[PDB]
A.B. asks: 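If you scroll down you'll find the structure; I have some questions about it.
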Amino acid sequence: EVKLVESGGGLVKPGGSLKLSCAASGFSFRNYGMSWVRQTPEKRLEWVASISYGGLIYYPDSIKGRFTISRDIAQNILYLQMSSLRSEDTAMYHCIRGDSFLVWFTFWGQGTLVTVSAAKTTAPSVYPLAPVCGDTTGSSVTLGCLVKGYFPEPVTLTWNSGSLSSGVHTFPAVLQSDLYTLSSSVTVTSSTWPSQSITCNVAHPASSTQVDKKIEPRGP
Amino acid sequence: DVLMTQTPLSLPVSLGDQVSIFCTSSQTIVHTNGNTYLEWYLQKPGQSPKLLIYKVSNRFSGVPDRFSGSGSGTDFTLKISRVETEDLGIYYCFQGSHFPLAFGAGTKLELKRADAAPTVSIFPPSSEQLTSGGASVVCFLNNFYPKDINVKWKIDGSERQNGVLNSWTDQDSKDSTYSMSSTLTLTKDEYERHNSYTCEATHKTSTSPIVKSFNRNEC
Ligand SMILES: C[C@]12OO[C@](CCC(=O)O)(c3ccccc31)c1ccccc12
């Protein structure tokens, strides 16, 4: 069974270096061409580098000079030396086996994540989002939760510990300034809240954070 | 270099539908050995990309008979004869006939459904954040369809294009709609320098924007 497993990905400061590895199984590097391909946060796929079964190496000019691909045929391990790293280099890296002059990327590994950033482990700021008096005059009510400035990703947000599951929209985290910010919204019947308790539970494993924020109606 | 251009970036479909996704190369892509290394990949949410078609029209072993590839010159096409729920995700084309090898931006296969006006909710800074000296004004434009939407902020009547962070959810797996959050981040002092905060959503369902707002002192 062909298998490709990427390792080495992780947090790295800009201009820094990182070595990524890729242990292969089910085949020999002397019989297949290998490549590294990355998917950026924006989901854009980018060819990083490749090495033919014969050892020939190719890089696009953007990676040329900064990254270096090599392989251990005996131990069947593909490598990717990364240096002069930049935030654009932040992506999921996949090693891929292809069939010589047939298919470039026939088989992909699940990938290893490389995050280039100067940020330091920062716990998030969790704030309860209560409705304005003009939005609470209907049959339903939407509540929210703002999880601001944390690092690194990710955080785990739930409502009433997961008790509150339907009508929820937890939005993808975005960079506010080398730090992540996320928000979640939950919509329930007006008779559900404030009549019944609703709490936002946010955890941030990297900072050993686990905070709870109960949404309280506004007003003096 | 050869650039690959995919269209559309979003293809709303109904199950059972016959579909065609396109990929355009900035120039001809024939390897000196005569082969055309045009490949098609499908990446399912949460998974790595998987090969569908190689060398323009060769369906990869194990890939369903409903997928097929074709094209010539600078025009290439991926076809799905009868779309299934499992086919949903993003399709990518790739050219490897000339270096540097290049990928297309991708086409997202999404589900069609009835138009849906967004439910707009505005939330003034929390007292907790205010206390720490911050002022985030959030707005949610939820469960709308189609996915295309514009959000405009106004502070004391004047538009605020600066200092806004937006995020979008993927199509809801339950009602197939879309949601988006918009956060205007200010400072405690800045926020206290104005009274009216408005969030306006422009959806193909409204033209005349859905408007939601509050006053720092009154509701
Ligand atoms: C899988 C593959 O085998 O041989 C090539 C070219 C070999 C060459 O240009 O010298 C190649 C060309 C076209 C499709 C697949 C490949 C190659 C180079 C590098 C990594 C992988 C490959």
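All chains are named by letter (A, B, ...) in the order of the sequence lines, taking the proteins before the strands, and each is independently numbered beginning at 1. Atoms within a ligand are numbered from 1 in the order they appear, just like the ligands themselves.
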A.B. asks: Can you see whether B:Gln43 engages B:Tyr41 through a side-chain donor-acceptor pair at a distance of less than 3.5 angstrom?
C.D. replies: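 The criterion, which ignores hydrogens and geometry beyond distance, is not satisfied for B:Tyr41 and B:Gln43.
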
A.B. asks: Considering only heavy atoms of A:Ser50, which atoms of ligand 1 have at least one such atom less than 4.0 Å away?
C.D. replies: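 Taking each heavy atom of A:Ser50 in turn, ligand 1 has 19 (C), 20 (C) under 4.0 Å.
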
A.B. asks: In terms of residue, atom name and distance, what is the protein heavy atom nearest to atom 3 (O) of ligand 1?
C.D. replies: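 Answer for atom 3 (O) of ligand 1: A:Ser100 CA, 2.8 Å.
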
A.B. asks: Got a second to check how far A:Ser100's OG is from A:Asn31's CG, nearest 0.5 Å?
C.D. replies: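 It comes to 8.0 Å.
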
A.B. asks: Indicate whether the side chain of A:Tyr93 and that of A:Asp89 have a donor and an acceptor atom separated by less than 3.5 Å.
C.D. replies: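 There is no such pair between these side chains.
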
A.B. asks: Considering only heavy atoms, does A:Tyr53 approach ligand 1 within less than 4.0 Å through its side chain, its backbone, both, or neither?
C.D. replies: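 Neither part.
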
A.B. asks: What do you reckon, does B:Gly96 put a non-hydrogen atom under 4.0 Å from ligand 1?
C.D. replies: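 Contact absent.
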
A.B. asks: Output the list of atoms in ligand 1 that are nearer than 4.0 Å to some heavy atom of A:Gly98, sorted by atom number.
C.D. replies: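 Once the distances to A:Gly98 are compared, the set is 1 (C).
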
A.B. asks: Test of understanding: given a 4.0 Å heavy-atom threshold, classify the contact between A:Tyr58 and ligand 1 as side chain, backbone, both, or neither.
C.D. replies: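 Just the side chain.
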
A.B. asks: When you measure from atom 7 (C) of ligand 1 to each heavy atom in A:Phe101, A:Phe105, A:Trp47, which option holds the nearest one?
C.D. replies: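 The residue whose heavy atom sits nearest atom 7 (C) of ligand 1 is A:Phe101.
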
A.B. asks: Counting only heavy atoms, which portion of A:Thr106 has something under 4.0 Å from ligand 1: side chain, backbone, both, or neither?
C.D. replies: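 Contact part for A:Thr106 vs ligand 1: neither.
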
A.B. asks: Just to be sure I read this right, does ligand 1 sit under 4.0 Å from the backbone of B:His31, its side chain, both, or neither, counting only heavy atoms?
C.D. replies: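 Contact part for B:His31 vs ligand 1: neither.
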
A.B. asks: Using a 4.0 Å cut-off to any heavy atom of A:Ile51, which atoms of ligand 1 qualify?
C.D. replies: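 Going through ligand 1 atom by atom, the ones under 4.0 Å from A:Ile51 are 19 (C), 20 (C).
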
A.B. asks: Can you check whether A:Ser35 has an N/O within less than 3.5 Å of an N/O in ligand 1?
C.D. replies: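 Between A:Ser35 and ligand 1, no N or O pair is found under 3.5 Å apart.
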
A.B. asks: Against heavy atoms of A:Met34, which atoms of ligand 1 measure under 4.0 Å?
C.D. replies: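 Result: 20 (C).
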
A.B. asks: What I'd like to find out is whether the side chain of A:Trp36 reaches to under 4.5 Å of the side chain of A:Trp47, using heavy atoms alone.
C.D. replies: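 Contact flag for A:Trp36/A:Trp47 side chains = no.
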
A.B. asks: Is the NZ or CZ atom of A:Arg44 both under 6.0 Å from the centre of the six-membered ring of B:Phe103 and within 45° of that ring's axis?
C.D. replies: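 No, A:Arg44 does not lie over the aromatic ring of B:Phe103.
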
A.B. asks: Testing the basics here: between B:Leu11 and B:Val19, what is the closest heavy-atom pair and its distance to 0.1 Å?
C.D. replies: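 Looking at all heavy atoms of both residues, the shortest contact is CD2-CB, 3.8 Å.
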
A.B. asks: Take the angle between the ring planes of B:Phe144 and B:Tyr178 and call it parallel below 30°, perpendicular above 60°, tilted in between.
C.D. replies: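 B:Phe144 vs B:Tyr178 ring planes: tilted.
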
A.B. asks: Can you tell me how the ring of A:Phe151 sits relative to the ring of A:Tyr180, calling it parallel under 30°, perpendicular over 60° and tilted otherwise?
C.D. replies: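 Taking A:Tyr180 first and then A:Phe151, their aromatic rings lie parallel (interplane angle under 30°).
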
A.B. asks: Only heavy atoms of A:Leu56, strictly under 4.0 Å: list the atoms of ligand 1 that pass.
C.D. replies: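 Listed by number with element: 10 (O).
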
A.B. asks: So which protein heavy atom does atom 19 (C) of ligand 1 come closest to, and at what separation?
C.D. replies: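 Among all protein heavy atoms, the one nearest atom 19 (C) of ligand 1 is A:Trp104 CZ3, 3.5 Å.
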
A.B. asks: If only side-chain N and O atoms count, and only distance matters, is there a donor-acceptor pair under 3.5 Å linking A:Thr209 with A:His204?
C.D. replies: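 There is no such pair (donor and acceptor under 3.5 Å, judged by atom type) between the side chains of A:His204 and A:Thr209.
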
